[PDB]
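Before any comments, here is the structure.
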Amino acid sequence: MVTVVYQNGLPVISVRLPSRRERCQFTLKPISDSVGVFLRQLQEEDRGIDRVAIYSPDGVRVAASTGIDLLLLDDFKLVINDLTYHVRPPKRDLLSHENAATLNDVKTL
């Protein structure tokens, strides 16, 4: 199964990759990473991947330029080679992401 879990305010997507026995996790920046960034990371991780794509639950291809914040507003399908994974991210506000991974009362100069 492909899962999405927020850790320190950022989405961590855990994926079974075809060449690998063990799961691998991908942490993404919702406000600046795109669908295409994530798909490129998958391909870089496993040379056994010949095809990767993301689709809406209704089966419509999602544009590579789409922000990860927008992707994670709802369910989606992740195709890796000949397997399609139904991904169910946890719901949170689109506004949620603007203070992600910030430590309260410590600012960097």
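Just remember, in the structure tokens the first chain shown is A, the second B, etc., residues are 1-based per chain, and ligands are 1-based in the order shown.
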Could you give me, as a PDB file with C-alpha atoms, in the first residue's frame, the residues within 8 Å of residue 57 of chain A, counting only C-alpha atoms and dropping anything in the same chain fewer than 3 positions from it?
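Result file follows (part_7.pdb):
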```pdb
ATOM      1  CA  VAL A  60      -8.119  11.493 -15.317  1.00  0.00           C
ATOM      2  CA  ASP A  75      -7.580  10.711  -2.993  1.00  0.00           C
ATOM      3  CA  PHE A  76      -5.562   9.853  -6.085  1.00  0.00           C
ATOM      4  CA  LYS A  77      -4.182   6.903  -8.016  1.00  0.00           C
ATOM      5  CA  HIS A  86      -5.267   3.959  -4.522  1.00  0.00           C
TER       6      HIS A  86
END
```
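All residues of protein, DNA or RNA that reach within 9 Å of residue 74 of chain A, judged by only C-alpha atoms and not counting those fewer than 6 positions away in the chain, are residues 56, 57, 87, 88, 89, 90 and 91 of chain A.
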Problem - Residue among A:10, A:79, A:17, A:1 lying closest to residue 44 of chain A, counting only C-alpha atoms - result: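 Selected residue with least distance to residue 44 of chain A: A:17.
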Handout entry: d(atom CA of residue 61 of chain A, atom CA of residue 28 of chain A) in Å
Key = 20.1 Å
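The space between atom CA of residue 80 of chain A and atom CA of residue 12 of chain A spans 17.6 Å.
Of the listed residues (A:7, A:13, A:51, A:46), A:7 comes nearest to residue 102 of chain A; the distances count only C-alpha atoms.
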Residues near residue 62 of chain A, cut-off 9 Å, only C-alpha atoms, skip fewer than 5 positions along chain, as a short mmCIF file (atom, residue, chain, number, x, y, z; two decimals) with N, CA, C and O atoms, in the first residue's frame:
```cif
data_model
loop_
_atom_site.label_atom_id
_atom_site.label_comp_id
_atom_site.auth_asym_id
_atom_site.auth_seq_id
_atom_site.Cartn_x
_atom_site.Cartn_y
_atom_site.Cartn_z
N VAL A 35 3.65 17.53 -8.64
CA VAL A 35 3.47 16.14 -9.04
C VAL A 35 4.68 15.65 -9.81
O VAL A 35 5.20 14.57 -9.52
N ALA A 53 2.79 7.63 -13.13
CA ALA A 53 1.80 8.65 -13.42
C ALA A 53 0.83 8.73 -12.28
O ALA A 53 0.64 7.74 -11.55
N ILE A 54 0.20 9.90 -12.12
CA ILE A 54 -0.83 10.08 -11.13
C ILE A 54 -2.13 10.45 -11.83
O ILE A 54 -2.15 11.27 -12.78
N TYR A 55 -3.22 9.86 -11.34
CA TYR A 55 -4.56 10.06 -11.88
C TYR A 55 -5.51 10.44 -10.77
O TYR A 55 -5.31 10.08 -9.61
N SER A 56 -6.57 11.14 -11.13
CA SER A 56 -7.65 11.39 -10.18
C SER A 56 -8.35 10.04 -9.89
O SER A 56 -8.18 9.08 -10.64
N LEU A 71 -2.66 18.26 -4.90
CA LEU A 71 -2.80 16.81 -5.03
C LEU A 71 -3.37 16.20 -3.73
O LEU A 71 -4.26 15.36 -3.76
#
```
Determine which residues of chain A DSSP labels as strand (DSSP E or B) from the backbone of this structure, then write them out as a PDB file with N, CA, C and O atoms, in the first residue's frame.
```
ATOM      1  N   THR A   3       1.082   4.948   1.349  1.00  0.00           N
ATOM      2  CA  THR A   3       0.504   5.760   2.407  1.00  0.00           C
ATOM      3  C   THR A   3       1.039   7.165   2.421  1.00  0.00           C
ATOM      4  O   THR A   3       2.145   7.414   1.942  1.00  0.00           O
ATOM      5  N   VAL A   4       0.237   8.075   2.971  1.00  0.00           N
ATOM      6  CA  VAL A   4       0.628   9.461   3.211  1.00  0.00           C
ATOM      7  C   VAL A   4       0.403   9.760   4.691  1.00  0.00           C
ATOM      8  O   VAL A   4      -0.697   9.600   5.174  1.00  0.00           O
ATOM      9  N   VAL A   5       1.457  10.166   5.388  1.00  0.00           N
ATOM     10  CA  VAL A   5       1.405  10.526   6.798  1.00  0.00           C
ATOM     11  C   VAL A   5       2.157  11.832   6.966  1.00  0.00           C
ATOM     12  O   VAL A   5       3.270  11.985   6.446  1.00  0.00           O
ATOM     13  N   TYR A   6       1.561  12.787   7.663  1.00  0.00           N
ATOM     14  CA  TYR A   6       2.258  14.054   7.965  1.00  0.00           C
ATOM     15  C   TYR A   6       3.196  13.886   9.146  1.00  0.00           C
ATOM     16  O   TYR A   6       2.830  13.289  10.167  1.00  0.00           O
ATOM     17  N   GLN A   7       4.426  14.370   8.976  1.00  0.00           N
ATOM     18  CA  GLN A   7       5.432  14.347  10.030  1.00  0.00           C
ATOM     19  C   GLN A   7       6.051  15.723  10.038  1.00  0.00           C
ATOM     20  O   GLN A   7       6.470  16.222   8.994  1.00  0.00           O
ATOM     21  N   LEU A  10       4.815  18.033   7.288  1.00  0.00           N
ATOM     22  CA  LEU A  10       5.066  17.747   5.871  1.00  0.00           C
ATOM     23  C   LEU A  10       4.597  16.355   5.532  1.00  0.00           C
ATOM     24  O   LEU A  10       4.713  15.427   6.354  1.00  0.00           O
ATOM     25  N   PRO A  11       4.104  16.178   4.295  1.00  0.00           N
ATOM     26  CA  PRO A  11       3.628  14.854   3.890  1.00  0.00           C
ATOM     27  C   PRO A  11       4.794  13.922   3.565  1.00  0.00           C
ATOM     28  O   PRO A  11       5.743  14.309   2.865  1.00  0.00           O
ATOM     29  N   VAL A  12       4.703  12.708   4.095  1.00  0.00           N
ATOM     30  CA  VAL A  12       5.666  11.662   3.862  1.00  0.00           C
ATOM     31  C   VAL A  12       4.912  10.553   3.150  1.00  0.00           C
ATOM     32  O   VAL A  12       3.954   9.997   3.684  1.00  0.00           O
ATOM     33  N   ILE A  13       5.316  10.268   1.922  1.00  0.00           N
ATOM     34  CA  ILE A  13       4.657   9.266   1.101  1.00  0.00           C
ATOM     35  C   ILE A  13       5.549   8.025   1.058  1.00  0.00           C
ATOM     36  O   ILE A  13       6.713   8.101   0.648  1.00  0.00           O
ATOM     37  N   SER A  14       5.002   6.894   1.511  1.00  0.00           N
ATOM     38  CA  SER A  14       5.737   5.630   1.619  1.00  0.00           C
ATOM     39  C   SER A  14       5.230   4.706   0.521  1.00  0.00           C
ATOM     40  O   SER A  14       4.020   4.501   0.391  1.00  0.00           O
ATOM     41  N   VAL A  15       6.161   4.105  -0.210  1.00  0.00           N
ATOM     42  CA  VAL A  15       5.890   3.483  -1.502  1.00  0.00           C
ATOM     43  C   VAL A  15       6.669   2.178  -1.505  1.00  0.00           C
ATOM     44  O   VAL A  15       7.825   2.096  -1.067  1.00  0.00           O
ATOM     45  N   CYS A  24      10.121   2.600   0.767  1.00  0.00           N
ATOM     46  CA  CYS A  24      10.918   3.818   0.704  1.00  0.00           C
ATOM     47  C   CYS A  24       9.983   4.992   0.873  1.00  0.00           C
ATOM     48  O   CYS A  24       8.872   5.005   0.301  1.00  0.00           O
ATOM     49  N   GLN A  25      10.430   5.994   1.630  1.00  0.00           N
ATOM     50  CA  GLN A  25       9.615   7.172   1.883  1.00  0.00           C
ATOM     51  C   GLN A  25      10.178   8.429   1.215  1.00  0.00           C
ATOM     52  O   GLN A  25      11.398   8.633   1.158  1.00  0.00           O
ATOM     53  N   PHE A  26       9.244   9.249   0.767  1.00  0.00           N
ATOM     54  CA  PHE A  26       9.472  10.498   0.073  1.00  0.00           C
ATOM     55  C   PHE A  26       8.786  11.641   0.808  1.00  0.00           C
ATOM     56  O   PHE A  26       7.546  11.701   0.889  1.00  0.00           O
ATOM     57  N   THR A  27       9.570  12.558   1.339  1.00  0.00           N
ATOM     58  CA  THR A  27       9.040  13.752   1.992  1.00  0.00           C
ATOM     59  C   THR A  27       8.960  14.870   0.969  1.00  0.00           C
ATOM     60  O   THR A  27       9.929  15.121   0.231  1.00  0.00           O
ATOM     61  N   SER A  34       5.938  19.822  -6.953  1.00  0.00           N
ATOM     62  CA  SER A  34       4.844  19.443  -7.853  1.00  0.00           C
ATOM     63  C   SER A  34       4.726  17.945  -7.994  1.00  0.00           C
ATOM     64  O   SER A  34       5.617  17.186  -7.588  1.00  0.00           O
ATOM     65  N   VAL A  52       5.517   5.888 -14.581  1.00  0.00           N
ATOM     66  CA  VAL A  52       4.876   6.422 -13.381  1.00  0.00           C
ATOM     67  C   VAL A  52       3.936   7.554 -13.792  1.00  0.00           C
ATOM     68  O   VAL A  52       4.246   8.356 -14.679  1.00  0.00           O
ATOM     69  N   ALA A  53       2.793   7.628 -13.126  1.00  0.00           N
ATOM     70  CA  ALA A  53       1.800   8.650 -13.419  1.00  0.00           C
ATOM     71  C   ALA A  53       0.827   8.729 -12.276  1.00  0.00           C
ATOM     72  O   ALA A  53       0.643   7.743 -11.551  1.00  0.00           O
ATOM     73  N   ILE A  54       0.200   9.895 -12.123  1.00  0.00           N
ATOM     74  CA  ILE A  54      -0.830  10.083 -11.130  1.00  0.00           C
ATOM     75  C   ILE A  54      -2.134  10.453 -11.829  1.00  0.00           C
ATOM     76  O   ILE A  54      -2.148  11.269 -12.782  1.00  0.00           O
ATOM     77  N   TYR A  55      -3.215   9.859 -11.338  1.00  0.00           N
ATOM     78  CA  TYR A  55      -4.562  10.056 -11.876  1.00  0.00           C
ATOM     79  C   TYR A  55      -5.507  10.437 -10.767  1.00  0.00           C
ATOM     80  O   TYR A  55      -5.305  10.079  -9.607  1.00  0.00           O
ATOM     81  N   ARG A  61      -5.775  11.878 -15.890  1.00  0.00           N
ATOM     82  CA  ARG A  61      -4.363  12.159 -15.620  1.00  0.00           C
ATOM     83  C   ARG A  61      -4.203  13.530 -14.966  1.00  0.00           C
ATOM     84  O   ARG A  61      -4.839  14.504 -15.391  1.00  0.00           O
ATOM     85  N   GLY A  67       0.675  21.455  -7.961  1.00  0.00           N
ATOM     86  CA  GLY A  67       1.303  21.476  -6.658  1.00  0.00           C
ATOM     87  C   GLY A  67       0.923  20.287  -5.816  1.00  0.00           C
ATOM     88  O   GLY A  67      -0.208  19.787  -5.883  1.00  0.00           O
ATOM     89  N   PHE A  76      -6.092   9.932  -4.735  1.00  0.00           N
ATOM     90  CA  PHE A  76      -5.562   9.853  -6.085  1.00  0.00           C
ATOM     91  C   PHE A  76      -5.037   8.453  -6.340  1.00  0.00           C
ATOM     92  O   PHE A  76      -4.945   7.637  -5.414  1.00  0.00           O
ATOM     93  N   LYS A  77      -4.749   8.177  -7.603  1.00  0.00           N
ATOM     94  CA  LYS A  77      -4.182   6.903  -8.016  1.00  0.00           C
ATOM     95  C   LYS A  77      -2.738   7.140  -8.448  1.00  0.00           C
ATOM     96  O   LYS A  77      -2.451   8.075  -9.178  1.00  0.00           O
ATOM     97  N   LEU A  78      -1.828   6.296  -7.968  1.00  0.00           N
ATOM     98  CA  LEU A  78      -0.426   6.332  -8.376  1.00  0.00           C
ATOM     99  C   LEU A  78      -0.139   5.053  -9.146  1.00  0.00           C
ATOM    100  O   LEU A  78      -0.290   3.965  -8.616  1.00  0.00           O
ATOM    101  N   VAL A  79       0.198   5.202 -10.412  1.00  0.00           N
ATOM    102  CA  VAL A  79       0.550   4.076 -11.261  1.00  0.00           C
ATOM    103  C   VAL A  79       2.072   3.946 -11.244  1.00  0.00           C
ATOM    104  O   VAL A  79       2.784   4.912 -11.527  1.00  0.00           O
ATOM    105  N   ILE A  80       2.564   2.745 -10.957  1.00  0.00           N
ATOM    106  CA  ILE A  80       3.994   2.419 -11.054  1.00  0.00           C
ATOM    107  C   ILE A  80       4.060   1.133 -11.861  1.00  0.00           C
ATOM    108  O   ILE A  80       3.565   0.083 -11.422  1.00  0.00           O
ATOM    109  N   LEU A  83       1.062  -1.579 -11.869  1.00  0.00           N
ATOM    110  CA  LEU A  83       0.247  -1.556 -10.668  1.00  0.00           C
ATOM    111  C   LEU A  83      -0.302  -0.148 -10.466  1.00  0.00           C
ATOM    112  O   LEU A  83       0.397   0.837 -10.661  1.00  0.00           O
ATOM    113  N   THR A  84      -1.562  -0.093 -10.071  1.00  0.00           N
ATOM    114  CA  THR A  84      -2.224   1.140  -9.695  1.00  0.00           C
ATOM    115  C   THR A  84      -2.562   1.085  -8.207  1.00  0.00           C
ATOM    116  O   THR A  84      -3.219   0.149  -7.733  1.00  0.00           O
ATOM    117  N   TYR A  85      -2.083   2.075  -7.479  1.00  0.00           N
ATOM    118  CA  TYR A  85      -2.291   2.191  -6.056  1.00  0.00           C
ATOM    119  C   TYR A  85      -3.293   3.290  -5.772  1.00  0.00           C
ATOM    120  O   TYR A  85      -3.115   4.431  -6.242  1.00  0.00           O
ATOM    121  N   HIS A  86      -4.300   2.968  -4.968  1.00  0.00           N
ATOM    122  CA  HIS A  86      -5.267   3.959  -4.522  1.00  0.00           C
ATOM    123  C   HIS A  86      -4.727   4.578  -3.231  1.00  0.00           C
ATOM    124  O   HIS A  86      -4.553   3.904  -2.225  1.00  0.00           O
ATOM    125  N   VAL A  87      -4.458   5.878  -3.293  1.00  0.00           N
ATOM    126  CA  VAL A  87      -3.816   6.615  -2.208  1.00  0.00           C
ATOM    127  C   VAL A  87      -4.886   7.497  -1.554  1.00  0.00           C
ATOM    128  O   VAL A  87      -5.647   8.209  -2.243  1.00  0.00           O
TER     129      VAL A  87
END
```
Exercise for the section: Taking the DSSP assignment computed from this structure's backbone, write out as a PyMOL selection string all residues of chain A that belong to alpha helix (DSSP H). Expected result: chain A and resi 35-45+68-71
